[PDB]
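Protein chains in written order, with our numbering: chain A, 13 to 345; chain B, -17 to 316; chain C, 15 to 90; chain D, 172 to 279. Here is the structure we will look at.
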Amino acid sequence: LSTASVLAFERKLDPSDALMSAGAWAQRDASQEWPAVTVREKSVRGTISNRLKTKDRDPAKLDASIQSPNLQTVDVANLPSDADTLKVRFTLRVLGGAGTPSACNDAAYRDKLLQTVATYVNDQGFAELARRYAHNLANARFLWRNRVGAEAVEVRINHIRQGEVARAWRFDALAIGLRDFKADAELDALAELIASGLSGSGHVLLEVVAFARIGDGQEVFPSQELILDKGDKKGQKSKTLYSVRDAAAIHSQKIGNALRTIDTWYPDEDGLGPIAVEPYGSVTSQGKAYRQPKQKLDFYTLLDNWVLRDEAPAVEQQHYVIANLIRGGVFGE
Amino acid sequence: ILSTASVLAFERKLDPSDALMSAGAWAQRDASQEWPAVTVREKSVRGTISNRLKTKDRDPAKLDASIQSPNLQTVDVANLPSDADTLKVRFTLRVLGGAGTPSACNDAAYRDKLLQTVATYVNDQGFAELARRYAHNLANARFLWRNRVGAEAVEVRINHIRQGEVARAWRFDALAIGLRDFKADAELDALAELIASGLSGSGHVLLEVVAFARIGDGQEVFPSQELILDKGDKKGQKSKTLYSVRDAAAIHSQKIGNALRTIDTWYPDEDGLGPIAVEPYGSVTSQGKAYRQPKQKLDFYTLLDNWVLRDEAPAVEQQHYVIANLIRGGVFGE
Amino acid sequence: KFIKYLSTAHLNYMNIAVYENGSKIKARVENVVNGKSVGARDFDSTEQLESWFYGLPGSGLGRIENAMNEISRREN
Amino acid sequence: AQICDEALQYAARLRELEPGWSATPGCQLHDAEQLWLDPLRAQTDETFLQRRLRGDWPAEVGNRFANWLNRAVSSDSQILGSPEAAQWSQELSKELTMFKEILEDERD
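As structure tokens, then:
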């Protein structure tokens, strides 16, 4: 039983692009006709603050450097001056059937994989993963920098069966912690909904709407696009922002990054906090790669040792492996 | 002495067109005529390192150094508008008929023997089986490949067209009709009589197929993907283009044509997986496997040689396989 | 004698096959349906094959087009 | 040496032959190569020509030229584990250093 040379898992928990529209707090229940936050341009002349090669006893290059500073053009997105509330709306499907790959060479390896995943689900449900997913929808991880420094953040979650609303939840994101996964009755209800979705026992479509008090005319933070150097300064050399038809927006994979911050099971340090689930579990901003393959906690090592050789790891590492199967990806050689 | 013809070529029947996608709202469904199209747009993406390594040089400082230089990338996506939760997919389909006559053949005796064999097949039993399975593939939504997966309700409307009019309309329910179980029905027997009347050459059959799917507000649709090839050249180009027509996302015609001819439930290996489409050396590109090996005696070339030249008639279901390959068409012979 | 195909997808019936002669390997650009080859090139080991091949400019099938345009080069 | 000196021959052949470098599309990535291939001054140039590109000692085309050399010839990593890429990197270091050292007086 060698590994399959081709493996591919389609993703579950598929989000959409979040739209941002600004308005006034306590006009909050009628947040349906609020105008969108537009992305505009402004000019910025920046000085030079680069880390120069030190002991430079030539001030003539420094005073020569001030003769032509950076003439630059950026994009900003601000609230209107008579509005102090950011509204961020997106949707979320929960597909289910999180064991079946979409492409596999071997037939014995695929049947062994389905017996392993079905053994996992029959031993214990999806209650843990849906509890942590419910905590990431409870607070406002998907408000990345917009959450930082806010008076009150309110999250409203709706469940949709038809052109109707089945059950509505209304949370408070600042009371719910950022690092402490504590239980609650409503989070157990919504965790039963998501856990009922991932098991394939129904269709789950959720509508997530987030509200934040920032301030009158302050700055919101959409996601930033990639700029090739075929454009000049007047032509956005600096800083473009992602948009839809005349509205600022966030990419879908960034919200999808914010939902799957589960992993509190690093070998190195459990004191920092949960950072998202990746094979070779890594953080791009910190420049570090936790969960090294020189250890025995990598996804490929645990999956090979648990499918081929029946060496079942600890329970929390099994939550890690099934979390990588809900993530999906391109596996195999 | 009756050798095979060195040149054989069969033109295809069941010719589809390119399906167009346009989004709108459910229960505004009967007026689905002015719905705007789904456009293909660009967005940027910053990946990371998740691919499998090699046990020759995998150092931790080299992993962190790999994370120092990630992959900046530009892709194409197609999404519904944020106030619409229904995908509409429209295409047409001609049923030509006359599925025994080749378009190119060297020998005259081999061609007459072939026409006597096919005419013997049609006179012994009609096209009712193949048109029944074709009717089941138009009944559900095989031609919605990944768009079907995870949907609330899928509705298929099929129209028959004689003039600038509508002769008879069918309205199905794709989720109630199974994906693997070919069960009979009155309406599927009517439409199977229409397709079977089309393939026999007894008339002209043009069908209009329209499919409806509830996905969600602002979710992602899945058009077919085009070919690029990065030769290491300038600009670090796009890594995912999507097929389109004049400002609308679309699916290729041969992919719908792949979805219509999933008949073959007669593999020697396993009939438990399901029907996968009809090919000589009956193969699946995604699974990387080739069922119906030539080392067995169930290949199309082996059955066709043993049934035309030597009058050794195979089993009935293998005859359905061979005639299904003649309705598919192709380039045969040496 | 035959080892593998170098690419996992044929680009218009053409693909690079990798052969073995003893103490050396033989990469050979060839048609798939017919079998006749267009140019060939001899390497010493598979480490030289992958070490040379992964240094070509491209990714995916642009790399295999550059490799087929390199092995089947006009020698003069 | 013949490759970079041959690039000096390319700017040589480009220099005294085609003096017409007017406005056209694509003036953001071909703008550093425009100041590298410094054409003749225009006849309609005003007094703002001794400040528009006077301080243009374009040492960035030794970096783009370095990337072109890196993508052109293969840089082996088995020579990186050895001292062949420290001595080799020393050779490209001092050779691109002398190339930019020729490029120090393209205008002055």
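Yeah, the Cβ is synthetic: ideal placement off N, Cα and C, and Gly gets one too.
Below 9 Å between beta carbons is the criterion; list the residues of the segment 186 to 218 of chain B that meet it against any residue of chain C, in chain order.
Cβ contacts with chain C come from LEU209, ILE210, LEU211, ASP212, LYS213, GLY214 and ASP215.
For the segment 118 to 190 of chain B, which segments carrying the beta strand (DSSP E) assignment without a break, of at least 3 residues, lie completely within its bounds, in sequence order?
Fully enclosed beta strand (DSSP E) runs of no fewer than 3 residues occupy 136 to 142 and 151 to 153 of the segment 118 to 190 of chain B, in order along the chain.
Determine the direct distance from the alpha carbon of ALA47 of chain B to that of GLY137 of chain A, and round the result to whole angstroms.
Start at 1 with the first residue of the first sequence, and residue 137 of chain A comes out as number 125. Start at 1 with the first residue of the second sequence, and residue 47 of chain B comes out as number 65. Cα to Cα, the separation comes out at about 39 Å.
Contact between the segment 309 to 320 of chain A and the segment 281 to 301 of chain A: three or more CB pairs below 8 Å?
Segments in contact, yes.
At what residues does the beta strand (DSSP E) containing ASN82 of chain A begin and finish?
Position 70 of the first sequence, counting from 1, holds the residue named residue 82 of chain A. For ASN82 of chain A, the uninterrupted beta strand (DSSP E) segment begins and ends at 82 to 88.
Taking the Cβ atom as the reference point for each residue, do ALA150 of chain A and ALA207 of chain A lie within a distance shorter than 8 Å?
Stepping through the first sequence from its first residue, residue 150 of chain A is reached at position 138. Stepping through the first sequence from its first residue, residue 207 of chain A is reached at position 195. Contact: no.
Expressed to the nearest angstrom, what Euclidean distance is found between the alpha-carbon atoms of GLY209 of chain A and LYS165 of chain B?
By 1-based counting over the first sequence, the position of residue 209 of chain A is 197. By 1-based counting over the second sequence, the position of residue 165 of chain B is 183. Near 29 Å, if we compare the C-alpha coordinates of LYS165 of chain B and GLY209 of chain A.
Check distances from the C-beta atoms of the segment 216 to 247 of chain D to those of chain C and list, in chain order, the residues that come in under 8 Å.
Those residues of the segment 216 to 247 of chain D placed with their C-beta closer than 8 Å to a C-beta in chain C are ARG242, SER245 and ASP247, ordered along the chain.
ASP29 of chain A versus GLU252 of chain B - alpha carbon distance:
Stepping through the first sequence from its first residue, residue 29 of chain A is reached at position 17. Stepping through the second sequence from its first residue, residue 252 of chain B is reached at position 270. Roughly 42 Å separates the two Cα atoms.
To the nearest angstrom, how far is the alpha carbon of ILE39 of chain C from that of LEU20 of chain C?
Residue numbering aside, residue 39 of chain C sits at position 25 when the third sequence is read from its first letter. Residue numbering aside, residue 20 of chain C sits at position 6 when the third sequence is read from its first letter. In a straight line, the C-alpha of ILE39 of chain C is about 13 Å away from that of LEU20 of chain C.
Can you name the residues of chain A whose CB is closer than 7 Å to the CB of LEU200 of chain D?
Stepping through the fourth sequence from its first residue, residue 200 of chain D is reached at position 29. Ordered by position in chain A, the residues that pass the 7 Å Cβ test against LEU200 of chain D are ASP241 and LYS242.
Please look up how many angstroms separate the CB atoms of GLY247 of chain A and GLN199 of chain D, rounded, as I've assumed it's under 8 Å.
For the purposes of this step, residue 247 of chain A is taken as the residue at position 235 of the first sequence. For the purposes of this step, residue 199 of chain D is taken as the residue at position 28 of the fourth sequence. Contact flag correct, Cβ pair sits at about 7 Å.
When B:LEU286, B:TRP248 and B:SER182 are compared against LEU78 of chain B, the one with the closest alpha-carbon
Looking up residue 78 of chain B in the second sequence gives position 96. Of the listed residues, the one whose Cα sits closest to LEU78 of chain B is B:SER182.
Rounded to the nearest angstrom, what separates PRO52 of chain B and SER213 of chain A at their Cα positions?
Sequence index remark: in the second sequence, residue 52 of chain B carries index 70 (1-based). Sequence index remark: in the first sequence, residue 213 of chain A carries index 201 (1-based). Rounded to whole angstroms, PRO52 of chain B to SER213 of chain A spans 39 Å at the Cα level.
Can you list the residues of chain A that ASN61 of chain B reaches, using a CB-CB cut of under 8 Å?
The residue you call residue 61 of chain B lines up with position 79 of the second sequence. Going along chain A in sequence order, the residues near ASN61 of chain B (Cβ under 8 Å) are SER28 and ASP29.
Does any CB atom of chain B fall closer than 8 Å to the CB of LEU64 of chain A?
Taking the first residue of the first sequence as position 1, residue 64 of chain A is located at position 52. Under the 8 Å criterion on CB atoms, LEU64 of chain A is classed as non-interfacial with respect to chain B.
Across which residues does DSSP place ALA41 of chain C in a beta bridge pair?
If you number the third sequence from 1, residue 41 of chain C lands on position 27. C:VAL32 and C:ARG55, per the DSSP bridge assignment.
Just to check my reading of the structure: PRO113 of chain A and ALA34 of chain A have Cβ atoms closer than 8 Å, yes? What is that Cβ distance to the nearest angstrom?
Mapped onto the first sequence, residue 113 of chain A falls at position 101. Mapped onto the first sequence, residue 34 of chain A falls at position 22. The Cβ separation is near 43 Å, so there is no contact.
Which residues of the segment 70 to 90 of chain C have a Cβ closer than 9 Å to any Cβ of chain B? Give them in chain order.
The residues in question are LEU70, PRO71, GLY72, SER73, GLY74, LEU75, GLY76, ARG77, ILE78, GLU79 and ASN80.
Would you call the CB atoms of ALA261 of chain A and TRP156 of chain A closer than 8 Å?
If you number the first sequence from 1, residue 261 of chain A lands on position 249. If you number the first sequence from 1, residue 156 of chain A lands on position 144. Not closer than 8 Å, so no.
By a C-beta neighbour count over all protein chains shown, 10 Å radius and 16 as the cutoff for buried, is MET269 of chain D buried or exposed?
Reading the fourth sequence from its first residue, position 98 is the one you call residue 269 of chain D. Under this definition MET269 of chain D is an exposed residue.
Between which residues of its own chain and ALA110 of chain B is the CB-CB distance below 6 Å, once the five residues before and five after are set aside?
As a working mapping, residue 110 of chain B is identified with position 128 in the second sequence. Taken in chain order, the residues that qualify are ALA178.
Below 8 Å on the Cβ atoms is my contact criterion, and I expect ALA195 of chain B with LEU69 of chain B to pass it. Report the Cβ-Cβ distance as a whole number of Å.
One-based indexing of the second sequence puts residue 195 of chain B at position 213. One-based indexing of the second sequence puts residue 69 of chain B at position 87. By a beta-carbon distance limit of 8 Å, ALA195 of chain B contacts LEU69 of chain B. Their separation comes to about 5 Å.
Residue closest to residue 3 of chain A, alpha-carbon to alpha-carbon, out of A:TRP46, A:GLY175, A:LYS245 and A:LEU104:
Not covered by the structure: residue 3 of chain A. The range shown for chain A is 13 to 345.
When the distance is taken between beta carbons, is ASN129 of chain B closer than 8 Å to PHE204 of chain B?
Taking the second sequence and counting its residues from 1, one reaches residue 204 of chain B at position 222. Taking the second sequence and counting its residues from 1, one reaches residue 129 of chain B at position 147. Yes.
What number of angstroms, rounded off, separates the C-alpha of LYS25 of chain B from the C-alpha of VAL256 of chain A?
As a first step, residue 25 of chain B must be located in the second sequence, where it is residue number 43. As a first step, residue 256 of chain A must be located in the first sequence, where it is residue number 244. Rounded to whole angstroms, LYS25 of chain B to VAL256 of chain A spans 10 Å at the Cα level.
Can you look up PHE138 of chain A in the DSSP assignment and give me helix, strand or coil?
In the first sequence, the residue the question calls residue 138 of chain A occupies position 126. In this structure, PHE138 of chain A counts as coil in the three-state DSSP scheme.
Could you check where the alpha helix (DSSP H) with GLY268 of chain A kicks off and where it finishes?
Residue numbering aside, residue 268 of chain A sits at position 256 when the first sequence is read from its first letter. DSSP places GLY268 of chain A in the uninterrupted alpha helix (DSSP H) bounded by 264 to 271.
Excluding sequence positions up to five away, which residues of its chain have a Cβ less than 8 Å from the Cβ of residue 321 of chain B?
One cannot answer for residue 321 of chain B here, as it falls past the ends of chain B, which runs -17 to 316.
Own chain partners of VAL221 of chain A with C-beta closer than 6 Å, once the 5 adjacent residues on each side are dropped
Numbered from its first residue, the first sequence carries residue 221 of chain A at position 209. Cβ neighbours of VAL221 of chain A beyond the five flanking positions: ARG101 and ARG168.
Note down, in chain order, each residue of its chain lying with its Cβ closer than 7 Å to the Cβ of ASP96 of chain A, except the 5 sequence neighbours on either side.
Taking the first sequence and counting its residues from 1, the one referred to as residue 96 of chain A is at position 84. Within the same chain, Cβ atoms closer than 7 Å to the Cβ of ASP96 of chain A are found at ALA36, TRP37, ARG225, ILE226, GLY227 and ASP228, the five residues on either side in sequence being excluded.
Assumed close pair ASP87 of chain A, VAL51 of chain A - CB separation to whole angstroms, cut-off 8 Å:
As a working note, residue 87 of chain A is residue 75 in the first sequence. As a working note, residue 51 of chain A is residue 39 in the first sequence. Right, their Cβ atoms sit about 5 Å apart.
Straight-line gap, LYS306 of chain A to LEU25 of chain C (C-alpha atoms, nearest Å)
Along the first sequence, one-based indexing puts residue 306 of chain A at 294. Along the third sequence, one-based indexing puts residue 25 of chain C at 11. Each residue's Cα considered, the two are about 39 Å apart.
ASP316 of chain A - DSSP class collapsed to helix/strand/coil:
Taking the first sequence and counting its residues from 1, the one referred to as residue 316 of chain A is at position 304. In the structure shown, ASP316 of chain A sits in a helix (DSSP, three-state: H, G or I).
Any beta carbon from chain B within less than 8 Å of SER14 of chain A's own beta carbon?
In the first sequence, the residue the question calls residue 14 of chain A occupies position 2. Cβ-Cβ to chain B under 8 Å: no for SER14 of chain A.
According to the Cβ coordinates, are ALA54 of chain C and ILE85 of chain C closer than 8 Å?
Taking the first residue of the third sequence as position 1, residue 54 of chain C is located at position 40. Taking the first residue of the third sequence as position 1, residue 85 of chain C is located at position 71. In this structure, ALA54 of chain C sits near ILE85 of chain C, with a CB-CB distance shorter than 8 Å.
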